[PDB]
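Only one chain comes next, encoded as structure tokens, the form deposited in one PDB entry.
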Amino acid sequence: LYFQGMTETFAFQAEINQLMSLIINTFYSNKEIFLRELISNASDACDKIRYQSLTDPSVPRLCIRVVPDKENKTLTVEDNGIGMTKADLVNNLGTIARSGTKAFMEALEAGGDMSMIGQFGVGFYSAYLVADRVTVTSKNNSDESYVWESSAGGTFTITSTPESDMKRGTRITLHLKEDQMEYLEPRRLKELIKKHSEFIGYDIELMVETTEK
């Protein structure tokens, strides 16, 4: 009755921990790939709810939103796709991230590029190229909304609040690094969206803050 919420703390698997330390510390020059990777993830979540709707009509217009916030120095990638249940968030999609990370690091060793992250299903982690903390708020039809957060110190948290009113989908918030403020600028974001826009079957809306007339 007087309950405000709860926070569970988990340690990452050893592999994911190495990936995070690698990404957050790399000098990789083409950091902008993070946007493509998050929009790619968002698109796959919209595909999952779409492919599901081809069996049950009970699960409106699927879209992807890119929201900069110069005040909080954050960048958000919002979608209204399938969403993630607590088991999805708490396990880091389970065997998906673990096998993916091992295989991705094995690819980089053998000659690969950081840009190949997505081929291993672990493109979400590229968010740490431009961010030092990432907040993932997801709501799946089969569960309530949860908040995943990590700053890459070997751990992450799962926060549950009964005061929650989050609709189906995923909201990924990127707390931008001092040097990565360029990803707030709407001219940089427009260029990047257009760059992959033709390859994503869903509308991508950019919500930016002046018209001279």
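Throughout, rigid core stands for the largest set of C-alpha atoms superposing within 1.5 Å between the two forms. Don't overthink the numbering: it's just position in the shown sequence, from 1.
This protein has a second form, the form deposited in another entry, left out of what is shown; the following refers to that one.
Core-superposed comparison between the shown form and the other one: among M84, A97, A131, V77, the single residue whose C-alpha moves by 2 Å or more is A97.
Compared with the form shown here, the Cα atoms of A97 and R65 sit 3 Å or more farther apart in the other entry. Cα of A45 to Cα of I96: at least 3 Å longer in the other entry than in the shown structure.
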